[PDB]
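Visitor: return a 3D structure for these sequence lines:
(chains A and B, ligands or ions: 2)
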Protein chains: 2
Amino acid sequence: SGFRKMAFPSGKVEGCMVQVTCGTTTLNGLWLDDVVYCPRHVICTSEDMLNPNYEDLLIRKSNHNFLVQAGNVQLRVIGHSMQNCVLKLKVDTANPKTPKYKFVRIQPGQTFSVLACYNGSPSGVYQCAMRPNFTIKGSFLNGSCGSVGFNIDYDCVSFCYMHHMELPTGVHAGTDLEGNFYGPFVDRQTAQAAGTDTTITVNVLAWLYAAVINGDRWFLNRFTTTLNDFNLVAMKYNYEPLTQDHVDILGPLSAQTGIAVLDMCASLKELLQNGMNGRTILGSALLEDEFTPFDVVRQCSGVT
Amino acid sequence: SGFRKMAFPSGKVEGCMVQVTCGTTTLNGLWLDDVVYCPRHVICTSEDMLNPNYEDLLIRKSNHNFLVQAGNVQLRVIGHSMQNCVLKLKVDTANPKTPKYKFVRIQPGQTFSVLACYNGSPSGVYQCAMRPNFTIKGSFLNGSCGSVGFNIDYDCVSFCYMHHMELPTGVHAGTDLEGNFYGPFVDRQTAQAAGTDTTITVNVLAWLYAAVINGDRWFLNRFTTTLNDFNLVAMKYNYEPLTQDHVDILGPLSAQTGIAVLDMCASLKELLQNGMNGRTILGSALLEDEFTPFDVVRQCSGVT
Ligand SMILES: *CC(=O)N1CCN(Cc2cccc(C)c2)CC1
Ligand SMILES: *CC(=O)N1CCN(Cc2cccc(C)c2)CC1
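Guide: Numbers count the residues shown, from 1 in each chain, chains lettered A, B, ... in the order given. Ligands and ions are numbered 1, 2, ... in the order given. You can find the structure just below:
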């Protein structure tokens, strides 16, 4: 029993982190096989960051200008290329700690673990969600860029995020491992405002299911609703619209608890309309939206 | 910027987890050098758990009855002993992945990471605090026993917790790695109620400092207080008394922010007396007490 904001064990990713230095700029890289992936802004001075021409800046860089250190051992760079907003550095040595891996581009509302790193060294691990506005609410200081987000399926790491940017509002933007930004963001020191941070409705409902499974049941009421009726309330409260696909995805939690998805929708409706009245659910005084239905099943079933 | 509930990277501990099976009971063990540490209740049937005599039960067990598996490789048990509520299994092979380590017995209010494991396999990592009633609010299913809590100082893992028990109220009890329970709990299926779960005041104040550093400042007010005056309010709200030792420990956060500890006490006082009025601090609608002053400094300074 108990329900915690839980990250994947980070060991397999820890074994992949390196330091990348180009001139005076140091950030983190991800060493998989004989390729080191890092943000392309490693090649910039902060002077460059106002309006960098990455293709022009990269012409001035040779393989020997990319200093790649894995622990206290230097890797030999034998090629480099830009793919979107990441650099790929070819090294002469396959990472012996390379796990089974994939590169995935996640959807908004999907959760992942971040291994925060500085100078190629792991500092901590936490759980994030890709927000509906394609930002993430992370914990990233200067030097953290190139830190990655991932999911683990038994022995396979799916890398979904690399950290590139802090918006002036203190939220985070980054890329998949093909170097494509989530959302409309660019690796430029410019006016970039996030859109509406809407609540991930399917995640809240999953977490209400997690609450019932763990004995927090005070919010269960006598009501039901319809998708259309619920969605009128969701709109009013900046909640994502709930789709039949979302209902289908909650089916297993519905089955385990015997609470129909639309009945749990009606509980959520009353919580939105009435608030918590100073009560808590799984130790929270607000509705948590950074657990997926898959996350709730996993934590409630104990998958390794 | 941003502030997250952050666990230590778990790789060094992942390399230490094994499966221990005694007859039909399987839980987790911690393999350090040539010793596997696990809860002594591995030797019980659930029949035994009402009033087990561990010394008598252990007489019936030989080295060959303790099946220890590290990945899919079996370890040879060459000795076994009971120390308090843990078994120490001597194996013929030093764990090659043994990190620099210590065993520490933590104080209430201290935070640590848990690597939740099932059948010797890591499932997830989260951050806990030893509560003032010597319980922890964890996420532990059947098979999770022998999962450990730890802190990391650069390259040294300090193991502070092993998971043994769920109280009927769904909170968690366990031992240090000398097998001494935190609090008054016993490894017996009996009536064991937790005392008052008081709020860790010094941790709340640290997290208010973390909020100010990260731009959440609405709760800062025009007031100060005294330790004695604050402590009258702390008592009323089931907050731990604040000591001058706590004030001394907050000194660095005081210095960084230029907010006197007693001024931040007066902010906390008004928050206790007035509530959040539907506002949030670092994405929370309640006062977070599972970050130590050391944790706030680390996350705010980026230690690896
Ligand atoms: C994440 C990290 O380490 N950072 C330090 C370098 N910064 C460079 C930068 C890139 C893109 C936009 C801006 C404004 C700055 C990024 C943060
Ligand atoms: C943590 C875990 O894996 N558990 C399964 C075995 N249970 C045995 C037990 C020990 C002490 C008290 C009780 C009531 C049960 C513990 C939980």
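Visitor: where along chain A do the helices fall?
Guide: Applying DSSP state H to chain A gives helices spanning A:11-14, A:54-59, A:201-213, A:227-236, A:244-249, A:251-257, A:261-274, A:293-301.
Visitor: would you mind putting those helices into TSV with distance to chain B and mean neighbour count alongside?
Guide: (Each C-beta comes from the backbone N, C-alpha and C, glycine too.) As requested, these are exported to TSV (distance: least, CB to the nearest CB, whole Å; neighbours: other CB atoms under 10 Å in any protein chain shown):
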stretch	distance to chain B	mean neighbour count
helix A:11-14	3	23
helix A:54-59	25	13
helix A:201-213	10	24
helix A:227-236	16	15
helix A:244-249	21	14
helix A:251-257	14	16
helix A:261-274	12	19
helix A:293-301	6	19
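Visitor: residue of chain A nearest ligand 1, please.
Guide: residue A:145 (2.9 Å; CB to the nearest ligand atom).
Visitor: now that residue. Nearest residue, chain neighbours left out?
Guide: Using CB to CB, 6 or more residues apart in numbering or on different chains and skipping residues adjacent in sequence, the residue nearest residue A:145 is residue A:27, 4.2 Å away.
Visitor: that neighbour and residue A:143 touch, don't they?
Guide: Yes. In this structure, residue A:27 is within contact of residue A:143 by CB atoms under 8 Å, at 6.4 Å.
Visitor: give me the more crowded residue out of these two.
Guide: Between residue A:27 and residue A:143, counted using other CB atoms under 10 Å in any protein chain shown, residue A:27 has the larger neighbour count: 25 against 21.
Visitor: which residues touch that one?
Guide: Residue A:27 makes contacts with A:19, A:20, A:38, A:39, A:42, A:143, A:144, A:145, A:146, as judged by CB atoms under 8 Å, 6 or more residues apart in numbering or on different chains.
Visitor: at 6 Å instead, please
Guide: A:20, A:42, A:145, A:146 (CB atoms under 6 Å, 6 or more residues apart in numbering or on different chains).
Visitor: would you list these in a markdown table and tack on distance to residue B:165 and neighbour count?
Guide: Shown next, in a markdown table, are the contacts of residue A:27 (distance: CB to CB, whole Å; neighbours: other CB atoms under 10 Å in any protein chain shown):
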| residue | distance to residue B:165 | neighbour count |
| --- | --- | --- |
| A:20 | 46 | 29 |
| A:42 | 49 | 22 |
| A:145 | 43 | 26 |
| A:146 | 42 | 29 |
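Visitor: farthest pair in these?
Guide: The distance between the two most remote of the contacts of residue A:27 (CB to CB) is 9.6 Å, for A:20 and A:145.
Visitor: could you chop chain A up by domain?
Guide: A:1-14+A:100-197, A:15-99, A:198-301 (curated CATH domains).
Visitor: among these, show me which one is buried the most.
Guide: domain A:1-14+A:100-197 (a mean of 20; mean count of other CB atoms under 10 Å in any protein chain shown).
Visitor: looking at the stretch 51-200 of chain A, which residue is nearest ligand 2?
Guide: residue A:154 (20.8 Å).
Visitor: again, but for the stretch 101-250 of chain A
Guide: residue A:214 (15.5 Å).
Visitor: same question, the stretch 1-150 of chain A
Guide: residue A:1 (10.2 Å).
Visitor: please report how far that residue lies from residue B:167.
Guide: 9 Å (CB to CB, to the nearest Å).
Visitor: quick one: which of the contacts of residue A:27 is nearest to chain B?
Guide: Closest approach between the contacts of residue A:27 and chain B, by CB to the nearest CB: residue A:145, at 12.0 Å.
Visitor: can you list the strands that the longest strand along chain A pairs with?
Guide: When chain A is parsed with DSSP state E, its longest strand is strand A:156-166. Strand pairing for strand A:156-166, determined by DSSP bridges: strand A:100-103 (parallel), strand A:148-153 (antiparallel), strand A:172-175 (antiparallel).
Visitor: centroid-wise, who is the farthest residue in chain A?
Guide: Distance from the C-alpha centroid of chain A, by CA atoms, centre = their mean, peaks at residue A:222 (36.1 Å).
Visitor: other residues contacting stretch A:75-87?
Guide: A:37-38, A:40, A:58, A:63, A:66, A:68, A:88-92, A:175, A:178-180, A:187.
Visitor: could you rerun that using 7 Å?
Guide: A:18, A:37-40, A:42, A:54, A:58, A:63-64, A:66, A:68, A:88-93, A:162, A:164, A:175, A:178-181, A:187 (CB atoms under 7 Å, 6 or more residues apart in numbering or on different chains).
Visitor: cool, and stretch A:41-48?
Guide: With CB under 7 Å, 6+ apart, stretch A:41-48 has contacts from A:20, A:22, A:25, A:27, A:49, A:52, A:54, A:57-58, A:61, A:87, A:164, A:187.
Visitor: max pairwise distance over these: which two?
Guide: A:61 and A:164 (18.1 Å).
Visitor: and the residue of chain A closest to ligand 2?
Guide: Counting by CB to the nearest ligand atom, chain A gets nearest ligand 2 through residue A:302, at 9.7 Å.
Visitor: any idea how far the closest residue to that residue other than its chain neighbours is from residue B:170?
Guide: Distances taken as CB to CB, 6+ apart place residue B:141 nearest to residue A:302, at 4.2 Å, with adjacent residues excluded. Distance of residue B:141 to residue B:170, computed by CB to CB: 12 Å.
Visitor: residues touching residue A:49, list them.
Guide: So residue A:49 contacts A:41, A:188, A:189 (CB under 7 Å, 6+ apart).
Visitor: gap between it and residue A:168?
Guide: For residue A:49 relative to residue A:168 (CB to CB), the value is 13 Å.
Visitor: between these two, which contacts overlap?
Guide: With CB under 7 Å, 6+ apart, residue A:49 and residue A:168 have no common neighbours.
Visitor: show me what the nearest residue to residue A:65 once chain neighbours are set aside is bridged to.
Guide: Nearest residue to residue A:65, sequence neighbours excluded (CB to CB, 6+ apart): residue A:22, at 5.9 Å. Note on residue A:22: beta-bridge partners by DSSP bridges are residue A:25, residue A:66.
Visitor: my guess is residue A:22 contacts residue A:63. True?
Guide: No. Look at residue A:22 against residue A:63 with CB atoms under 7 Å: they stay out of range, at 11.2 Å.
Visitor: if we can go back for a sec, which non-adjacent residue is nearest the residue of the stretch 51-200 of chain A closest to ligand 2?
Guide: residue A:304 (7.6 Å).
Visitor: residue A:42 too?
Guide: Nearest non-adjacent residue to residue A:42 (CB to CB, 6+ apart): residue A:22, at 4.6 Å.
Visitor: so how far is residue A:75 from the one you found?
Guide: For residue A:22, the distance to residue A:75 - CB to CB - is 14 Å.
Visitor: ligand 1 contacts on the stretch 1-150 of chain A?
Guide: Selection of the stretch 1-150 of chain A residues close to ligand 1 by CB under 6 Å from any ligand atom yields A:27, A:41, A:49, A:140, A:142, A:143, A:144, A:145.
Visitor: nothing else from me, thank you.
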